[PDB]
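Just one chain is shown here, as structure tokens, and it is the form deposited in one PDB entry.
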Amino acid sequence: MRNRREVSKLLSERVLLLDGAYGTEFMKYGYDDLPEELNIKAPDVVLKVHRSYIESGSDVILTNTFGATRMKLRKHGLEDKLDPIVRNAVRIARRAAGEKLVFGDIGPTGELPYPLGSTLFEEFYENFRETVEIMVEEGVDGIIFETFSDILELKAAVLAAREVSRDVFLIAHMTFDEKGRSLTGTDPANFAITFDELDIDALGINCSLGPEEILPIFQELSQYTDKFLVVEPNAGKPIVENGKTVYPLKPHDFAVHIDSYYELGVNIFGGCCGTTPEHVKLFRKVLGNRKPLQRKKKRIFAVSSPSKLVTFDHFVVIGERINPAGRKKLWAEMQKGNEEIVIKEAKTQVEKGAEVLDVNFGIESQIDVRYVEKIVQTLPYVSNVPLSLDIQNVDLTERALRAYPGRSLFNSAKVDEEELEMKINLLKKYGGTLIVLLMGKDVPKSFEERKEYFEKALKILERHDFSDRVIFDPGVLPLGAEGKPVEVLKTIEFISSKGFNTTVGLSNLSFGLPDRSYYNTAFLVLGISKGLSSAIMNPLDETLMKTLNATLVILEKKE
């Protein structure tokens, strides 16, 4: 009915009140059936609960569709009832709402992403795509993805929804445990940083914890995103009385927390499991009519995996090994889709100190596109670290970025208007950072030239509003080919003075040279002393790594 510009306008004017829990309400009415079912068997029950909330003062109610996706329904033998359940939900809800907002409610599937589960990004995406299509058709004023535990599943849900409609207001929520971590290891800052750049309208938290416990988790989230914020805590810490759990937090003890959330910039407040129409009634009284508080988010340069957030505030080692160039066994195995050999190179590199892993598939035309998408989705989970996607084909690049679990670093964009723009737009759509290689048509041969390229890149980046999402690679040339490493060291010092991170394809300095380890080591030390923030290097070179550690200790970058 209403588009996201309208919803955004309304939110800019006042904090809205969401509704409460439905499941626990249903049982109260003598129906222990699974929620989605009542949509068709006992619609009257569904309507009663919706009206109790509207009558309690809710500005927005959620459609009774939390488990209404094919993948989830198929687990109860309801997959063929997908169209009815959903269309009727948006209908029942809209009949209760009247002039109030109705948001389509979509929950997670309960299936972990491969390799923890067997599901690939593509299947999660089509799954969420179908449920959203219906909702949009039945006219919702927004869609909220509640209770998500994995960022890849949530990333698929939002990308799919946005694909279906670029006008629907979209909200993404993750649930965190007492340690402030989702099931697959994502903390609030990682969630905010990864999802803040996607085309969603608001972020938030619901479930797992009560109002008191979510507070500092909500605060961390609010500091890293400037989008609208939503929160729906459970009514206290669940406890068991006589058999099954109960949510003990009474209306007042819950409601007293609204002010603390309002001060943190909350835009929509509501309750999750255990919240009753009585809770909402009180929230309405306490919330009243308030204009949202303004926020200024913190900005940092970081890349991520589901469990790791790697900030460039210290020297980042990027493992170069998962690259078939000059490696017989690996090139051949990638050719046949050998996942395990890559998983092996990933773990060993991380064990040795790599904080990020570069991934390149040699002659792409020779590699299976499904293998790329599988490896890209897999490594962040089994190796635990973020990836530097070293891909040439713009087409395969889009496949890898769309299914990457987190915020990646994309490896290679030369200072070319056409190349840059294509890669920047893909990153703007799927998220990520970009390494910009300081070279154009041909390779530079001096500091001054690299400087012009730097300036030219800033021009284009400023033009595409992408200046804050890049790291510069001055371009190290082979020493055994008049590489002039001194001119690169100058470039590193210069770019560093400008406040930008830098990186270099280290091993390319000593390509074709005896004792390359020593030249690599020597160059790295010099580079770091000049401001080098990272390097794609061999973490299996013990001399280079220990000399690197010694170097950071000496420069007081660690101990």
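Numbers follow the displayed sequence, beginning with 1. Between two forms, the rigid core is defined as the largest C-alpha subset superposing within 1.5 Å.
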To spell it out: superpose each other structure in 7 other deposited structures of this protein onto this one by the rigid core, compute Cα RMS over structures and residues for 235 to 243 and for 387 to 395. Which is larger? 235 to 243
Which of 85 to 93 and 325 to 333 lies farther from this form in 7 other deposited structures of this protein, as RMS of C-alpha positions after a rigid core fit: 325 to 333
Residue range whose averaged C-alpha B-factor is higher in the record, 506 to 514 or 524 to 532: 506 to 514
Comparing average C-alpha B factors as deposited, tell me which of 20 to 28 and 6 to 14 sits higher. 20 to 28
Which one, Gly432, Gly243, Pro277, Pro405, has the peak C-alpha temperature factor per the PDB entry? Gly243
Highest Cα B-factor in the deposition, which of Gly107, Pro380, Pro216, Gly77? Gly77
For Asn393, return the chain-relative third of its C-alpha B-factor as stated in the PDB record: lowest, middle or highest. highest
Assert third(CA B-factor, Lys308) within chain per record equals lowest
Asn323 by Cα B-factor - lowest, middle or highest third of the modelled chain: middle
So where's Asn64 on the chain's Cα temperature factor ranking, which third? middle
Relative C-alpha B-factor of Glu130, binned into the chain's lowest, middle or highest third: middle
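Separately, the form solved in complex with a small molecule exists; it is not shown, and the next lines address it.
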Flag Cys273 as yes or no: does it have a non-hydrogen atom within 4.5 angstroms of any non-hydrogen atom of the small molecule in the entry with it bound? yes
Check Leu62 for me: does it contact the small molecule in the entry with it bound (non-hydrogen atoms, 4.5 angstroms)? yes
Heavy atom of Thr147 within 4.5 Å of the small molecule in the entry with it bound: yes
State yes or no: in the entry with it bound, is some non-hydrogen atom of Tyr519 no more than 4.5 angstroms from a non-hydrogen atom of the small molecule? no
Go through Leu458, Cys207, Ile343, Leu396 and name the one with a heavy atom inside 4.5 Å of the small molecule in the entry with it bound. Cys207
Interface segment, criterion being heavy atoms within 4.5 Å of the small molecule in the entry with it bound, picked from 420 to 428, 265 to 273, 302 to 310, 217 to 225: 265 to 273
